[PDB]
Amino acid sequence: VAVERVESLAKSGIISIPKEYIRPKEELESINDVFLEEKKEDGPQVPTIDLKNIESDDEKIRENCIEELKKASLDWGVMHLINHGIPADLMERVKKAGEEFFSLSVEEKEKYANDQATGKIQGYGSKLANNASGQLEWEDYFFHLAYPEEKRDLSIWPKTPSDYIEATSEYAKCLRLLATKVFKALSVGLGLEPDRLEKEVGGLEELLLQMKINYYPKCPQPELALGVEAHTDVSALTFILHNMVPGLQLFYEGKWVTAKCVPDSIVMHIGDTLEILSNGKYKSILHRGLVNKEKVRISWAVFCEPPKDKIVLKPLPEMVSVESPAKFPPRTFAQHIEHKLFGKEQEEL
């Protein structure tokens, strides 16, 4: 087999993109210039949710924060979090380290190559075509488990820059504390005991944080490709940092909305795992990512996942009734991923 990286392809001297990267005719109509889209301020916009008072001693103010978070989660399921408690300089260090790793030559990065055939899903990679369509997306990435610390395989983590492990480790620990805060507020929002949702997704012991650095090289025909296809996240929550190059779009009320770049914020997505547990109340929104011909875009997504086999995910009893039937059948996290991949494979077949 050939190992083709999109960064290599982007630098190979091509004029047009290979056919495998061109989206189906029906999808091309919704793809426009990301910079022109980012400038548009009409239509619904991704909400900015202020978490400053999420754990305030002042009850009215705390409840107001919880309600705003709850409301954004039932409606959009995605938002720009501000005053989230993660130090701004730590986030800049994490991004700088990721930028430095991706600036290494493809050859240096191949020393970290993943190997799906032997189950080595961590490391440097690019999505291999996995259905009859043969469709590929315009991005390379680096994926690794980031937390808990005892479950990490540090040997696969970038050794250049020298501070990648230190920075990424601190960031994951900070995000783990923020996930607890969020899970609690979302639990309260559904009328559940504060510790309910985090317990249901594994708690401190089994919830995993996976880091995925998404690298989107410049594209010569950005109107014909997607950096990441339309999808919903399978996690419980996802927290993402960006390098201020636009690209994230959200499918809201039947239209693709472009996310604006809100300084110092962290994008947070409610994922399929919480949507399933809340019986459809909290929303896992369909989203995608655009590429462009002017600037390399990079994002850092941390997925908070339940244990893949140990928990059977299904709507919580409290969220189901005669009048509110279960909107999802029971599946473990692995089974859910397989079902989404299976439905797509059958679709393309």
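One-based numbering along the sequence shown.
- The stretch 42-50 shows the higher mean C-alpha B-factor when 277-285 is compared against 42-50 in the entry.
- For the pair 331-339 and 14-22, the mean Cα B-factor is higher in 14-22.
- When the Cα B-factors of 194, 246, 77, 158 are read from the PDB record, 194 comes out highest.
- When the C-alpha B-factors of 237, 261, 224, 145 are read from the PDB record, the largest value belongs to 261.
- In this PDB entry, residue 125 carries a Cα temperature factor that places it within the lowest third of its chain's modelled residues.
- When the CA B factors of the chain's modelled residues are split into thirds, the value for residue 27 lands in the middle one.
- In the deposited entry, the Cα temperature factor of residue 218 places it in the lowest third of its chain's modelled residues.
- For residue 314, the recorded CA temperature factor ranks within the middle third of the chain's modelled residues.
- Among all modelled residues in this chain, the alpha-carbon of residue 169 has a temperature factor (C-alpha) in the middle third.
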